[PDB]
Structure formats: structure tokens, C-alpha cells
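Shown next, in C-alpha cells, is the structure this report addresses.
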Amino acid sequence: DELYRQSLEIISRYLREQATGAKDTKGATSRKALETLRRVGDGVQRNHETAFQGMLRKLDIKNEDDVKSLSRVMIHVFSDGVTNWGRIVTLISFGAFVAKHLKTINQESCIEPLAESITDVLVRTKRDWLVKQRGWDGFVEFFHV
Amino acid sequence: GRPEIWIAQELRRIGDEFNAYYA
Ligand code: NA
Ligand SMILES: [Zn+2]
Ligand SMILES: [Zn+2]
Ligand SMILES: [Zn+2]
């Protein structure tokens with residue numbers, strides 16, 4: 001399952017670098033997807049800091065493993081039947097915001113359960129939608145500037 | 001919900017805004 005593997009790698013790397021404040025070393029689309037995610041993921045968090053803080057408070061995540069409510073939230077987001085990259089990137093960006101807060105309470109927190117939770121909603125529930133547009137190329141091109 | 005409904009509403013709002021901005 002290359003799409004799942006690729007998606008988990010991109011999302012994990014973003015969440016990890018957001019949470020630690022440092023980048024990782026060592027495909028071409030994955031690199032470009034990550035650069036795009038950095039740019040647009042940082043962008044969504046801007047202007048929406050107050051809203052993200054508010055959502056984090058309501059989420060009331062107890063620890064690094066407490067991802068059930070976030071998964072439920074993400075399923076609910078898509079439950080109007082609409083799928084687009086602005087929603088997807090916002091979900092990933094909020095995941096980054098949450099990963100950051102987990103590191104503040106406990107420095108040795110794995111961001112991986114959160115990243116798996118998001119990748120799972122994305123890849124499992126939007127599988128054919130993603131495949132149709134060559135996966136992350138859809139994302140790269142949508143946000144291309 | 002109700003917290004989970006509110007979080008979802010908010011994420012959807014920002015996501016559609018952000019989609020619209022680039023579309
Ligand atoms: Na754990
Ligand atoms: Zn299929
Ligand atoms: Zn392309
Ligand atoms: Zn609101």
C-alpha cells in the first residue's frame with residue numbers, strides 16, 4: 001500500500017518537524033508535497049490561531065494516544081459529502097497544532113498515533129478520490145504558486 | 001458533539017475558506 005505509506009510519511013514528517021522545530025534528512029512528489037504542506041499548513045494556522053486554540057481546548061486531548069475524538073471530528077467534517085484539499089490541509093494543520101501541544105506537556109511524546117489517525121481518515125475514507133488525481137500531485141498542483 | 005460538532009464546524013469553515021482562496 002504505497003499510497004498509505006507515502007501519505008503517512010508526508011504527514012508524520014510535517015507533524016514531527018512542527019512539534020520538534022527541526023527538519024528530517026532522508027519521493028520527488030513527497031518532497032514537494034512536504035514543502036507545500038509547510039507553506040500552506042503554516043498559512044492556515046495564521047489568522048486562525050484563536051480558533052485553533054479554541055478547538056484544542058474543546059478537544060480536551062488527555063495524552064498522545066487519545067485520538068478517538070479527533071478521528072470522530074475528522075469523519076464529521078467530511079460528513080456533508082464534500083471533499084477538497086482546503087479541508088484536508090486544515091485537518092493536517094490542526095493535527096500539527098495538536099502535536100505541538102502534546103510535546104509541551106511531555107517532550108518524549110510520539111506524534112505517530114496522531115499522524116496515523118489523520119492518514120487513516122484520509123487514505124481509507126478518500127481512497128478512490130485520492131487515486132483518481134495521482135494522490136499527492138492533486139495537493140501539489142492545487143496549492144501551486 | 002456538542003464539543004465535537006463545534007470543532008468539526010470550525011474546521012470545515014476554515015477548510016472551505018482555504019479551498020476557496022486557492023481554487
Ligand atoms: Na502511546
Ligand atoms: Zn478503490
Ligand atoms: Zn503535477
Ligand atoms: Zn467559529
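The figures here come from the full heavy-atom set of this structure, side chains too, leaving out hydrogens, waters and symmetry mates. Each ligand, and each atom within it, is numbered from 1 in the order the structure gives. Chain letters run A, B, ... following the sequence lines, proteins first and then strands; every chain starts at 1.
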* Can you tell me if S30(A) and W136(A) form a side-chain donor-acceptor pair at under 3.5 Å? -> no

* What's the atom name of the N, O or S in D137(A) nearest to the Zn ion (ligand 3)? -> OD1

* Do other residues, nucleotides or ligands put more than 12 heavy atoms under 6.0 Å from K32(A) NZ? -> no

* Which of the N/O/S atoms in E64(A) sits closest to the Na ion (ligand 1)? -> OE2

* In terms of the angle between their ring planes, are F142(A) and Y22(B) parallel, tilted or perpendicular, with boundaries placed at 30° and 60°? -> tilted

* Structure fact -> Of all heavy-atom pairs linking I92(A) and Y14(A), the shortest is CG2-CD2, 3.8 Å

* Asked: If you check every N/O/S atom of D128(A), which is the one nearest the Zn ion (ligand 2)?
  -> OD1

* Tell me, which N, O or S atom in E141(A) is closest to the Zn ion (ligand 3)? -> OE2

